[PDB]
Amino acid sequence: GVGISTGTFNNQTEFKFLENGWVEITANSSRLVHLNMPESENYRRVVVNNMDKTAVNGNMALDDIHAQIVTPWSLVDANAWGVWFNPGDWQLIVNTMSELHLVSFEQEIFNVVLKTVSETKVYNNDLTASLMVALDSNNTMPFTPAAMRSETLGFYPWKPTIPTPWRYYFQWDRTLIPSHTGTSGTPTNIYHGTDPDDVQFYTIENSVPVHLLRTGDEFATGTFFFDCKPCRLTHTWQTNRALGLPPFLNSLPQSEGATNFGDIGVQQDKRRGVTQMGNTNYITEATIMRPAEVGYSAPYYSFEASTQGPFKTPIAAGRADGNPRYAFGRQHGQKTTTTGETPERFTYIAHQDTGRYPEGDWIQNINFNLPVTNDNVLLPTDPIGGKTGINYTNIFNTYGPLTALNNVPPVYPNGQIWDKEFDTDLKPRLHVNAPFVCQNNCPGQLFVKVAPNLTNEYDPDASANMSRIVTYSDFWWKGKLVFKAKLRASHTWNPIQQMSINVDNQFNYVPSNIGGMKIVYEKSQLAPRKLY
Amino acid sequence: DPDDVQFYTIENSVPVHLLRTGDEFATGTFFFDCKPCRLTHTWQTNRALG
């Protein structure tokens, strides 16, 4: 019978507890997905060119030249934490778990309905129409995670959602010689077409099977099993000066009050220890050989060009710069009843304190005559190339064999969960955009489309666009995301940083009288982990 | 920084043994996993390969 409902909603976050303190967090998630018919009948190349908006000199960073194929298909990506955990679940996870393993994942579509509209308007069912569904089980297609544009499924369970129209990058050749306001003329700023040798026109129809669901069937993905290294829900505080055995106090203070300070008694050059100051005797906390380097300075706001055009060189971590900034809309955490097109924004000021503070760095000459003269120092205030606004720290890079770093923290709700590793022989050690890097063939992107429901007028020999019966579909999406996590232990006397509702946000998470609701951003790595 | 504060007592972190002038304490033998060390040095700079 066509009328039999063929799937059950489920959004309950299970928590099963195993031996030796591991817990299987397991988020079911469900949403209603609304798919409109594709306006573009067929696959479509486009080149975007905001020539005027970047031709005015000194506006290099506004460049948006790219070439992309836009398709009749749409993507139902669930790769973001807000799709799976509510604020309470996230609170329990961050406030109790320490280590976290991404285990397995699966999706299904059920209870699809399809409708055809007509002239005031009328809405009619069409039991013969079909949703098209395809899952890229071998990751043939371009991997296009919707998180980085904030185009994943809506985070609210009860609100409907729409899948993003799918597109992918074609190849292009482009150059843009930078400039500044007051440059004497137009720089070279041109689009060299596309190189023949590297075009890749993928199509969903050719690469992967398509199932037709015809208004009464289910699609079900198999359980994919991940292989990622675990993420840590705890941060490190020990910067480089705080590694190793501290000096010994000769004279502790003898009265209470914050103004009092303890004294190292030994003179500057009479201390004992090991330094890399191979020619100079002053052992100091700044000069003593710590075991290795934590964090690294990287050239901040550095832009580099391939032949596909300029891009910002990424940074791993930092104290203004470095910290990521997320811009997101109605379905992705804004107060839903707020009018206007402007997105809401935050910068995630992480506790991942392995960053750098460029205003404090300096160089000085090898002789190290200690009360150093101006000619033997390079400070952050000194110009490079006569440009007063650019200092040595802008161009500096202390990445080295000795450097050590942590993974990027999770960020809730807008953060990405997983990401596929680059398919190169030498692979990047970390991914800036998600914590859990894949190693092998991580979940097949699920593409959906409505089958063309054409009228009697059709004639494919005519070049005009084909006349669709204007149609749309609703279907219920459901998936299961399995983790395994280790609960925290109280190694330290002091309490660790709680996450908690409080007087300054008690009216934040609760819904409003007008029915609007919001998800605010939340920290992830709360408790401190001893690095050394 | 309160986010970073840690405070360890030995007393609430490790078991303690009280020896009272007649006993002895011995560890178990820890076994290492270290990579080897080479007691030899490489003289070839980049100029001297090939």
# chains A, B, ... in the order shown; residues from 1 in each chain; ligands from 1
call {"tool": "interface_residues", "arguments": {"of": "chain B", "to": "chain A", "cutoff": "12 Å", "atoms": "only C-alpha atoms", "output": "list in words"}}
result
residues 1, 2, 3, 4, 5, 6, 7, 8, 9, 10, 11, 12, 13 and 14 of chain B
call {"tool": "write_last_selection", "arguments": {"atoms": "C-alpha atoms", "output": "short mmCIF file (atom, residue, chain, number, x, y, z; two decimals), in the first residue's frame"}}
result
data_model
loop_
_atom_site.label_atom_id
_atom_site.label_comp_id
_atom_site.auth_asym_id
_atom_site.auth_seq_id
_atom_site.Cartn_x
_atom_site.Cartn_y
_atom_site.Cartn_z
CA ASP B 1 44.41 32.69 33.97
CA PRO B 2 41.65 30.70 35.74
CA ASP B 3 41.21 28.58 32.61
CA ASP B 4 44.77 27.29 33.06
CA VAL B 5 45.01 26.88 36.83
CA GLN B 6 46.41 23.57 38.06
CA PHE B 7 47.50 22.67 41.59
CA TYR B 8 48.93 19.27 42.51
CA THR B 9 49.61 17.84 45.89
CA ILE B 10 51.61 14.66 46.01
CA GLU B 11 49.19 13.57 48.73
CA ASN B 12 46.07 13.61 46.53
CA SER B 13 47.91 12.36 43.40
CA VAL B 14 50.16 9.39 44.26
#
call {"tool": "residues_around", "arguments": {"residues": "residue 515 (chain A)", "least_positions_apart": "5", "cutoff": "12 Å", "atoms": "only C-alpha atoms", "output": "PyMOL selection string"}}
result
chain A and resi 159+335-338+510
call {"tool": "residues_around", "arguments": {"residues": "residue 24 (chain A)", "least_positions_apart": "4", "cutoff": "6 Å", "atoms": "only C-alpha atoms", "output": "tab-separated table (two decimals) with N, CA and C atoms, in the first residue's frame"}}
result
chain	number	residue	atom	x	y	z
A	15	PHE	N	23.22	7.92	25.32
A	15	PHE	CA	24.50	7.84	26.02
A	15	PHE	C	24.57	6.47	26.68
A	16	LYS	N	25.34	5.57	26.08
A	16	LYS	CA	25.57	4.23	26.61
A	16	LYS	C	26.96	4.18	27.22
A	483	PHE	N	29.90	7.96	18.44
A	483	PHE	CA	31.20	8.29	19.00
A	483	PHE	C	31.53	7.31	20.11
A	484	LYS	N	32.77	7.40	20.58
A	484	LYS	CA	33.22	6.76	21.80
A	484	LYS	C	34.09	7.77	22.52
call {"tool": "atom_distance", "arguments": {"atom1": "CA of residue 67 (chain A)", "atom2": "CA of residue 170 (chain A)"}}
result
5.1 Å
call {"tool": "residues_around", "arguments": {"residues": "residue 314 (chain A)", "least_positions_apart": "4", "cutoff": "9 Å", "atoms": "only C-alpha atoms", "output": "ChimeraX atom specification"}}
result
/A:298,300-302,322,432
call {"tool": "write_last_selection", "arguments": {"atoms": "N, CA and C atoms", "output": "PDB file, in the first residue's frame"}}
result
ATOM      1  N   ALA A 298      54.048  32.526  12.432  1.00  0.00           N
ATOM      2  CA  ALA A 298      53.816  32.371  11.009  1.00  0.00           C
ATOM      3  C   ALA A 298      53.529  33.746  10.435  1.00  0.00           C
ATOM      4  N   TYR A 300      51.821  36.703   9.358  1.00  0.00           N
ATOM      5  CA  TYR A 300      50.394  36.959   9.518  1.00  0.00           C
ATOM      6  C   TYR A 300      49.871  37.894   8.440  1.00  0.00           C
ATOM      7  N   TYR A 301      48.708  37.532   7.897  1.00  0.00           N
ATOM      8  CA  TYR A 301      48.095  38.194   6.746  1.00  0.00           C
ATOM      9  C   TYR A 301      49.072  38.241   5.582  1.00  0.00           C
ATOM     10  N   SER A 302      49.548  37.054   5.226  1.00  0.00           N
ATOM     11  CA  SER A 302      50.390  36.819   4.067  1.00  0.00           C
ATOM     12  C   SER A 302      49.534  36.204   2.971  1.00  0.00           C
ATOM     13  N   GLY A 322      44.479  35.016  13.238  1.00  0.00           N
ATOM     14  CA  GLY A 322      44.568  33.589  13.482  1.00  0.00           C
ATOM     15  C   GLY A 322      43.295  32.902  13.937  1.00  0.00           C
ATOM     16  N   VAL A 432      42.905  22.781   9.183  1.00  0.00           N
ATOM     17  CA  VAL A 432      42.416  23.916   9.935  1.00  0.00           C
ATOM     18  C   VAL A 432      40.907  23.871  10.103  1.00  0.00           C
TER      19      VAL A 432
END
call {"tool": "residues_around", "arguments": {"residues": "region 214-225 of chain A", "least_positions_apart": "5", "cutoff": "8 Å", "atoms": "only C-alpha atoms", "output": "mmCIF file with N, CA and C atoms, in the first residue's frame"}}
result
data_model
loop_
_atom_site.group_PDB
_atom_site.id
_atom_site.type_symbol
_atom_site.label_atom_id
_atom_site.label_comp_id
_atom_site.auth_asym_id
_atom_site.auth_seq_id
_atom_site.Cartn_x
_atom_site.Cartn_y
_atom_site.Cartn_z
ATOM 1 N N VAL A 2 0.460 2.212 -0.863
ATOM 2 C CA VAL A 2 1.217 3.454 -0.999
ATOM 3 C C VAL A 2 1.124 4.300 0.267
ATOM 4 N N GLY A 3 0.058 4.141 1.047
ATOM 5 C CA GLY A 3 -0.146 4.986 2.207
ATOM 6 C C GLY A 3 0.688 4.656 3.425
ATOM 7 N N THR A 6 6.851 4.712 6.251
ATOM 8 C CA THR A 6 7.944 3.758 6.105
ATOM 9 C C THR A 6 9.210 4.209 6.825
ATOM 10 N N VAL A 103 33.324 7.335 15.463
ATOM 11 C CA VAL A 103 33.272 5.899 15.205
ATOM 12 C C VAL A 103 32.606 5.583 13.874
ATOM 13 N N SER A 104 31.325 5.913 13.726
ATOM 14 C CA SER A 104 30.578 5.459 12.559
ATOM 15 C C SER A 104 29.411 6.394 12.293
ATOM 16 N N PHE A 105 28.863 6.283 11.084
ATOM 17 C CA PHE A 105 27.923 7.261 10.558
ATOM 18 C C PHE A 105 27.019 6.598 9.534
ATOM 19 N N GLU A 106 25.759 7.028 9.489
ATOM 20 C CA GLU A 106 24.855 6.521 8.466
ATOM 21 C C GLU A 106 23.682 7.471 8.288
ATOM 22 N N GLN A 107 23.025 7.345 7.136
ATOM 23 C CA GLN A 107 21.933 8.213 6.726
ATOM 24 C C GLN A 107 20.865 7.394 6.032
ATOM 25 N N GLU A 108 19.636 7.898 6.075
ATOM 26 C CA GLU A 108 18.560 7.341 5.272
ATOM 27 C C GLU A 108 17.562 8.440 4.956
ATOM 28 N N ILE A 109 16.796 8.227 3.890
ATOM 29 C CA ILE A 109 15.705 9.103 3.481
ATOM 30 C C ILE A 109 14.440 8.267 3.466
ATOM 31 N N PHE A 110 13.350 8.820 3.996
ATOM 32 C CA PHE A 110 12.075 8.120 4.008
ATOM 33 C C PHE A 110 10.924 9.112 3.970
ATOM 34 N N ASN A 111 9.730 8.572 3.723
ATOM 35 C CA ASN A 111 8.476 9.320 3.759
ATOM 36 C C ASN A 111 8.485 10.487 2.784
ATOM 37 N N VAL A 112 9.106 10.281 1.625
ATOM 38 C CA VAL A 112 9.124 11.309 0.596
ATOM 39 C C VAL A 112 7.718 11.531 0.059
ATOM 40 N N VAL A 113 7.388 12.792 -0.207
ATOM 41 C CA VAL A 113 6.169 13.174 -0.906
ATOM 42 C C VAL A 113 6.542 14.167 -1.992
ATOM 43 N N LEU A 114 5.790 14.144 -3.090
ATOM 44 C CA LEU A 114 6.040 14.997 -4.244
ATOM 45 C C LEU A 114 4.738 15.622 -4.706
ATOM 46 N N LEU A 127 1.487 11.044 -7.473
ATOM 47 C CA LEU A 127 2.050 9.804 -6.962
ATOM 48 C C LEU A 127 3.061 9.176 -7.915
ATOM 49 N N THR A 128 3.121 9.620 -9.170
ATOM 50 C CA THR A 128 4.037 9.048 -10.145
ATOM 51 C C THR A 128 5.409 9.713 -10.152
ATOM 52 N N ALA A 129 5.540 10.916 -9.602
ATOM 53 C CA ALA A 129 6.816 11.611 -9.619
ATOM 54 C C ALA A 129 7.815 10.902 -8.718
ATOM 55 N N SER A 130 9.098 11.224 -8.908
ATOM 56 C CA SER A 130 10.173 10.559 -8.188
ATOM 57 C C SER A 130 11.273 11.530 -7.807
ATOM 58 N N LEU A 131 11.654 11.472 -6.539
ATOM 59 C CA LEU A 131 12.939 11.983 -6.109
ATOM 60 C C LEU A 131 14.042 11.081 -6.645
ATOM 61 N N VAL A 133 18.003 10.029 -5.980
ATOM 62 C CA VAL A 133 18.953 9.988 -4.874
ATOM 63 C C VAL A 133 20.182 9.229 -5.339
ATOM 64 N N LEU A 135 24.336 8.252 -3.805
ATOM 65 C CA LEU A 135 25.360 8.312 -2.772
ATOM 66 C C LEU A 135 26.695 7.919 -3.383
ATOM 67 N N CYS A 442 35.981 8.717 3.294
ATOM 68 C CA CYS A 442 35.013 9.041 4.328
ATOM 69 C C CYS A 442 33.730 9.609 3.719
ATOM 70 N N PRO A 443 32.597 9.561 4.488
ATOM 71 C CA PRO A 443 31.266 9.271 3.931
ATOM 72 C C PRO A 443 30.886 9.822 2.576
#
call {"tool": "select_by_dssp", "arguments": {"residues": "region 44-269 of chain A", "states": "helix (DSSP H, G or I)", "output": "PyMOL selection string"}}
result
chain A and resi 51-55+60-62+81-83+87-96+146-149+196-198+204-207+240-242
call {"tool": "write_last_selection", "arguments": {"atoms": "N, CA, C and O atoms", "output": "tab-separated table (two decimals), in the first residue's frame"}}
result
chain	number	residue	atom	x	y	z
A	51	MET	N	35.25	42.27	-11.63
A	51	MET	CA	36.37	43.05	-12.15
A	51	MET	C	36.42	44.44	-11.55
A	51	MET	O	37.48	44.89	-11.10
A	52	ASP	N	35.30	45.16	-11.55
A	52	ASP	CA	35.29	46.51	-11.02
A	52	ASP	C	35.59	46.53	-9.53
A	52	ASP	O	36.35	47.38	-9.06
A	53	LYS	N	35.04	45.58	-8.77
A	53	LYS	CA	35.19	45.61	-7.32
A	53	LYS	C	36.63	45.37	-6.86
A	53	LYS	O	36.92	45.64	-5.69
A	54	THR	N	37.52	44.88	-7.73
A	54	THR	CA	38.93	44.70	-7.42
A	54	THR	C	39.87	45.45	-8.36
A	54	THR	O	41.09	45.37	-8.16
A	55	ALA	N	39.35	46.16	-9.36
A	55	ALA	CA	40.22	46.92	-10.26
A	55	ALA	C	40.68	48.23	-9.64
A	55	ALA	O	41.77	48.71	-9.98
A	60	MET	N	43.02	44.40	-3.48
A	60	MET	CA	43.41	43.10	-4.00
A	60	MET	C	42.60	41.97	-3.39
A	60	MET	O	42.18	41.04	-4.08
A	61	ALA	N	42.36	42.04	-2.08
A	61	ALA	CA	41.76	40.92	-1.38
A	61	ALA	C	40.31	40.68	-1.76
A	61	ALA	O	39.78	39.60	-1.47
A	62	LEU	N	39.65	41.63	-2.41
A	62	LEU	CA	38.26	41.44	-2.80
A	62	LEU	C	38.10	40.52	-4.01
A	62	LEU	O	36.95	40.26	-4.40
A	81	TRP	N	28.52	20.04	13.68
A	81	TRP	CA	28.12	19.58	15.01
A	81	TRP	C	26.70	19.98	15.35
A	81	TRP	O	25.99	19.23	16.03
A	82	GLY	N	26.27	21.16	14.90
A	82	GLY	CA	24.93	21.62	15.22
A	82	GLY	C	23.82	20.75	14.67
A	82	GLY	O	22.70	20.79	15.18
A	83	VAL	N	24.11	19.94	13.65
A	83	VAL	CA	23.10	19.05	13.09
A	83	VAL	C	22.81	17.87	14.00
A	83	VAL	O	21.78	17.21	13.81
A	87	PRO	N	22.28	22.11	22.57
A	87	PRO	CA	23.18	22.72	23.55
A	87	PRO	C	23.37	21.89	24.81
A	87	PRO	O	24.48	21.88	25.36
A	88	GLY	N	22.35	21.19	25.29
A	88	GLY	CA	22.52	20.39	26.48
A	88	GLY	C	23.45	19.22	26.26
A	88	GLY	O	24.28	18.90	27.12
A	89	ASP	N	23.32	18.55	25.12
A	89	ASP	CA	24.21	17.45	24.79
A	89	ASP	C	25.65	17.92	24.72
A	89	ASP	O	26.56	17.28	25.25
A	90	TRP	N	25.87	19.06	24.06
A	90	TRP	CA	27.20	19.62	23.97
A	90	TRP	C	27.73	19.98	25.34
A	90	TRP	O	28.93	19.81	25.61
A	91	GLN	N	26.87	20.47	26.23
A	91	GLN	CA	27.30	20.80	27.58
A	91	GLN	C	27.80	19.56	28.29
A	91	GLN	O	28.88	19.57	28.88
A	92	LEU	N	27.03	18.47	28.23
A	92	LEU	CA	27.45	17.25	28.90
A	92	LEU	C	28.74	16.72	28.30
A	92	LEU	O	29.66	16.33	29.03
A	93	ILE	N	28.85	16.77	26.97
A	93	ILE	CA	30.03	16.24	26.29
A	93	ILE	C	31.28	17.01	26.69
A	93	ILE	O	32.27	16.42	27.13
A	94	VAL	N	31.25	18.33	26.55
A	94	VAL	CA	32.47	19.09	26.83
A	94	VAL	C	32.77	19.09	28.32
A	94	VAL	O	33.94	19.10	28.71
A	95	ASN	N	31.75	19.09	29.18
A	95	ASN	CA	31.98	19.22	30.60
A	95	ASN	C	32.33	17.91	31.28
A	95	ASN	O	32.72	17.94	32.45
A	96	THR	N	32.21	16.76	30.59
A	96	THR	CA	32.54	15.47	31.21
A	96	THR	C	33.56	14.65	30.42
A	96	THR	O	34.39	13.97	31.03
A	146	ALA	N	29.70	21.33	3.03
A	146	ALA	CA	28.88	22.53	3.08
A	146	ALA	C	29.19	23.43	4.27
A	146	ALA	O	28.68	24.55	4.32
A	147	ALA	N	30.01	22.97	5.22
A	147	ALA	CA	30.23	23.74	6.44
A	147	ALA	C	30.93	25.07	6.17
A	147	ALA	O	30.55	26.09	6.74
A	148	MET	N	31.93	25.07	5.29
A	148	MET	CA	32.76	26.26	5.13
A	148	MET	C	32.00	27.44	4.55
A	148	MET	O	32.42	28.58	4.76
A	149	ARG	N	30.91	27.20	3.83
A	149	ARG	CA	29.98	28.25	3.41
A	149	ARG	C	28.78	28.38	4.33
A	149	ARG	O	27.93	29.24	4.09
A	196	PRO	N	43.75	23.47	-21.23
A	196	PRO	CA	43.16	22.19	-21.64
A	196	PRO	C	43.59	21.01	-20.80
A	196	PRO	O	42.78	20.11	-20.58
A	197	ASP	N	44.82	20.99	-20.30
A	197	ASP	CA	45.38	19.73	-19.83
A	197	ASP	C	44.78	19.24	-18.52
A	197	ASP	O	45.10	18.11	-18.12
A	198	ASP	N	43.92	20.02	-17.86
A	198	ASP	CA	43.44	19.67	-16.53
A	198	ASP	C	41.94	19.89	-16.34
A	198	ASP	O	41.47	19.94	-15.20
A	204	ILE	N	26.99	13.71	-12.09
A	204	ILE	CA	26.42	12.74	-11.17
A	204	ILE	C	25.88	11.54	-11.93
A	204	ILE	O	26.03	10.39	-11.50
A	205	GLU	N	25.22	11.79	-13.06
A	205	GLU	CA	24.58	10.71	-13.80
A	205	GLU	C	25.59	9.68	-14.28
A	205	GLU	O	25.29	8.48	-14.29
A	206	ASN	N	26.79	10.11	-14.65
A	206	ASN	CA	27.77	9.23	-15.25
A	206	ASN	C	28.62	8.49	-14.23
A	206	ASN	O	29.09	7.39	-14.51
A	207	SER	N	28.81	9.06	-13.05
A	207	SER	CA	29.82	8.56	-12.12
A	207	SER	C	29.28	7.53	-11.14
A	207	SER	O	30.01	6.61	-10.77
A	240	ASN	N	56.14	27.93	26.31
A	240	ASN	CA	57.51	27.43	26.33
A	240	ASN	C	58.24	27.77	27.62
A	240	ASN	O	59.03	26.97	28.13
A	241	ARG	N	57.98	28.94	28.20
A	241	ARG	CA	58.64	29.30	29.44
A	241	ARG	C	58.22	28.44	30.62
A	241	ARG	O	58.95	28.42	31.62
A	242	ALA	N	57.10	27.74	30.54
A	242	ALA	CA	56.55	26.98	31.67
A	242	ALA	C	56.84	25.49	31.59
A	242	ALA	O	56.27	24.73	32.37
call {"tool": "residues_around", "arguments": {"residues": "region 286-290 of chain A", "least_positions_apart": "3", "cutoff": "7 Å", "atoms": "only C-alpha atoms", "output": "ChimeraX atom specification"}}
result
/A:240-241,243-244,274-277,283
call {"tool": "write_last_selection", "arguments": {"atoms": "N, CA, C and O atoms", "output": "mmCIF file, in the first residue's frame"}}
result
data_model
loop_
_atom_site.group_PDB
_atom_site.id
_atom_site.type_symbol
_atom_site.label_atom_id
_atom_site.label_comp_id
_atom_site.auth_asym_id
_atom_site.auth_seq_id
_atom_site.Cartn_x
_atom_site.Cartn_y
_atom_site.Cartn_z
ATOM 1 N N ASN A 240 56.142 27.934 26.307
ATOM 2 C CA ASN A 240 57.511 27.429 26.330
ATOM 3 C C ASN A 240 58.239 27.772 27.624
ATOM 4 O O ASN A 240 59.025 26.965 28.128
ATOM 5 N N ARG A 241 57.976 28.945 28.198
ATOM 6 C CA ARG A 241 58.642 29.303 29.442
ATOM 7 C C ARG A 241 58.221 28.444 30.624
ATOM 8 O O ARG A 241 58.948 28.419 31.620
ATOM 9 N N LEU A 243 57.684 25.050 30.664
ATOM 10 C CA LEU A 243 58.117 23.665 30.627
ATOM 11 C C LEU A 243 59.330 23.480 31.526
ATOM 12 O O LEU A 243 60.195 24.352 31.619
ATOM 13 N N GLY A 244 59.389 22.337 32.191
ATOM 14 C CA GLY A 244 60.585 21.947 32.914
ATOM 15 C C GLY A 244 60.615 22.437 34.346
ATOM 16 O O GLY A 244 59.711 23.113 34.838
ATOM 17 N N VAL A 274 71.718 24.831 31.731
ATOM 18 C CA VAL A 274 72.101 24.629 30.343
ATOM 19 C C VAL A 274 71.366 25.652 29.496
ATOM 20 O O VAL A 274 70.171 25.887 29.695
ATOM 21 N N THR A 275 72.078 26.260 28.555
ATOM 22 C CA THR A 275 71.500 27.193 27.600
ATOM 23 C C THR A 275 72.033 26.883 26.215
ATOM 24 O O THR A 275 73.075 26.248 26.062
ATOM 25 N N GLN A 276 71.299 27.334 25.204
ATOM 26 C CA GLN A 276 71.809 27.404 23.844
ATOM 27 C C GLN A 276 72.559 28.704 23.572
ATOM 28 O O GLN A 276 72.972 28.941 22.434
ATOM 29 N N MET A 277 72.754 29.544 24.587
ATOM 30 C CA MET A 277 73.547 30.761 24.480
ATOM 31 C C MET A 277 75.023 30.373 24.474
ATOM 32 O O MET A 277 75.743 30.496 25.465
ATOM 33 N N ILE A 283 72.375 32.792 32.347
ATOM 34 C CA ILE A 283 71.227 31.894 32.386
ATOM 35 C C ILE A 283 70.041 32.671 32.936
ATOM 36 O O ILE A 283 70.123 33.291 33.998
#
call {"tool": "decode", "arguments": {"residues": "region 380-403 of chain A", "atoms": "N, CA and C atoms", "output": "PDB file, in the first residue's frame"}}
result
ATOM      1  N   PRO A 380      59.815  44.875  16.967  1.00  0.00           N
ATOM      2  CA  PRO A 380      58.601  44.882  16.146  1.00  0.00           C
ATOM      3  C   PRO A 380      58.212  46.257  15.641  1.00  0.00           C
ATOM      4  N   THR A 381      58.800  47.325  16.165  1.00  0.00           N
ATOM      5  CA  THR A 381      58.528  48.674  15.700  1.00  0.00           C
ATOM      6  C   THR A 381      59.374  49.089  14.500  1.00  0.00           C
ATOM      7  N   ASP A 382      60.379  48.309  14.122  1.00  0.00           N
ATOM      8  CA  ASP A 382      61.298  48.717  13.064  1.00  0.00           C
ATOM      9  C   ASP A 382      60.685  48.447  11.685  1.00  0.00           C
ATOM     10  N   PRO A 383      60.795  49.364  10.714  1.00  0.00           N
ATOM     11  CA  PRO A 383      60.254  49.073   9.381  1.00  0.00           C
ATOM     12  C   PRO A 383      61.035  48.007   8.630  1.00  0.00           C
ATOM     13  N   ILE A 384      60.330  47.329   7.726  1.00  0.00           N
ATOM     14  CA  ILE A 384      60.921  46.495   6.684  1.00  0.00           C
ATOM     15  C   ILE A 384      60.710  47.215   5.362  1.00  0.00           C
ATOM     16  N   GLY A 385      61.773  47.326   4.569  1.00  0.00           N
ATOM     17  CA  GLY A 385      61.676  47.928   3.250  1.00  0.00           C
ATOM     18  C   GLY A 385      61.211  49.365   3.242  1.00  0.00           C
ATOM     19  N   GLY A 386      61.372  50.078   4.351  1.00  0.00           N
ATOM     20  CA  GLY A 386      60.869  51.424   4.487  1.00  0.00           C
ATOM     21  C   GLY A 386      59.383  51.545   4.735  1.00  0.00           C
ATOM     22  N   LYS A 387      58.626  50.458   4.667  1.00  0.00           N
ATOM     23  CA  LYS A 387      57.192  50.506   4.926  1.00  0.00           C
ATOM     24  C   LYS A 387      56.988  50.505   6.433  1.00  0.00           C
ATOM     25  N   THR A 388      56.543  51.643   6.963  1.00  0.00           N
ATOM     26  CA  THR A 388      56.450  51.823   8.407  1.00  0.00           C
ATOM     27  C   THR A 388      55.433  50.899   9.060  1.00  0.00           C
ATOM     28  N   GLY A 389      54.407  50.467   8.339  1.00  0.00           N
ATOM     29  CA  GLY A 389      53.395  49.615   8.920  1.00  0.00           C
ATOM     30  C   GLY A 389      53.712  48.143   8.965  1.00  0.00           C
ATOM     31  N   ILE A 390      54.793  47.698   8.329  1.00  0.00           N
ATOM     32  CA  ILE A 390      55.134  46.286   8.194  1.00  0.00           C
ATOM     33  C   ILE A 390      56.471  46.079   8.879  1.00  0.00           C
ATOM     34  N   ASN A 391      56.514  45.134   9.806  1.00  0.00           N
ATOM     35  CA  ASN A 391      57.673  44.863  10.646  1.00  0.00           C
ATOM     36  C   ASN A 391      58.252  43.501  10.289  1.00  0.00           C
ATOM     37  N   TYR A 392      59.306  43.108  10.999  1.00  0.00           N
ATOM     38  CA  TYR A 392      59.935  41.829  10.698  1.00  0.00           C
ATOM     39  C   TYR A 392      59.001  40.677  11.025  1.00  0.00           C
ATOM     40  N   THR A 393      58.182  40.829  12.064  1.00  0.00           N
ATOM     41  CA  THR A 393      57.321  39.735  12.488  1.00  0.00           C
ATOM     42  C   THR A 393      56.272  39.395  11.447  1.00  0.00           C
ATOM     43  N   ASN A 394      55.936  40.334  10.570  1.00  0.00           N
ATOM     44  CA  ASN A 394      55.036  40.009   9.473  1.00  0.00           C
ATOM     45  C   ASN A 394      55.637  38.958   8.547  1.00  0.00           C
ATOM     46  N   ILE A 395      56.944  39.039   8.283  1.00  0.00           N
ATOM     47  CA  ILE A 395      57.611  38.133   7.340  1.00  0.00           C
ATOM     48  C   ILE A 395      58.286  36.946   8.016  1.00  0.00           C
ATOM     49  N   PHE A 396      58.177  36.816   9.333  1.00  0.00           N
ATOM     50  CA  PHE A 396      58.931  35.825  10.084  1.00  0.00           C
ATOM     51  C   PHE A 396      58.213  34.486  10.068  1.00  0.00           C
ATOM     52  N   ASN A 397      58.983  33.408  10.185  1.00  0.00           N
ATOM     53  CA  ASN A 397      58.409  32.068  10.259  1.00  0.00           C
ATOM     54  C   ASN A 397      59.337  31.181  11.066  1.00  0.00           C
ATOM     55  N   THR A 398      58.875  30.742  12.234  1.00  0.00           N
ATOM     56  CA  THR A 398      59.650  29.890  13.122  1.00  0.00           C
ATOM     57  C   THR A 398      59.198  28.444  13.087  1.00  0.00           C
ATOM     58  N   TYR A 399      58.488  28.025  12.049  1.00  0.00           N
ATOM     59  CA  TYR A 399      58.253  26.606  11.891  1.00  0.00           C
ATOM     60  C   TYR A 399      59.584  25.910  11.712  1.00  0.00           C
ATOM     61  N   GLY A 400      59.719  24.769  12.352  1.00  0.00           N
ATOM     62  CA  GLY A 400      60.994  24.129  12.490  1.00  0.00           C
ATOM     63  C   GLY A 400      60.773  22.717  12.949  1.00  0.00           C
ATOM     64  N   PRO A 401      61.831  21.918  12.974  1.00  0.00           N
ATOM     65  CA  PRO A 401      61.687  20.557  13.489  1.00  0.00           C
ATOM     66  C   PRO A 401      61.253  20.517  14.934  1.00  0.00           C
ATOM     67  N   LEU A 402      61.630  21.506  15.736  1.00  0.00           N
ATOM     68  CA  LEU A 402      61.336  21.451  17.158  1.00  0.00           C
ATOM     69  C   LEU A 402      59.890  21.791  17.499  1.00  0.00           C
ATOM     70  N   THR A 403      59.087  22.245  16.550  1.00  0.00           N
ATOM     71  CA  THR A 403      57.789  22.813  16.877  1.00  0.00           C
ATOM     72  C   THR A 403      56.760  21.735  17.174  1.00  0.00           C
TER      73      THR A 403
END
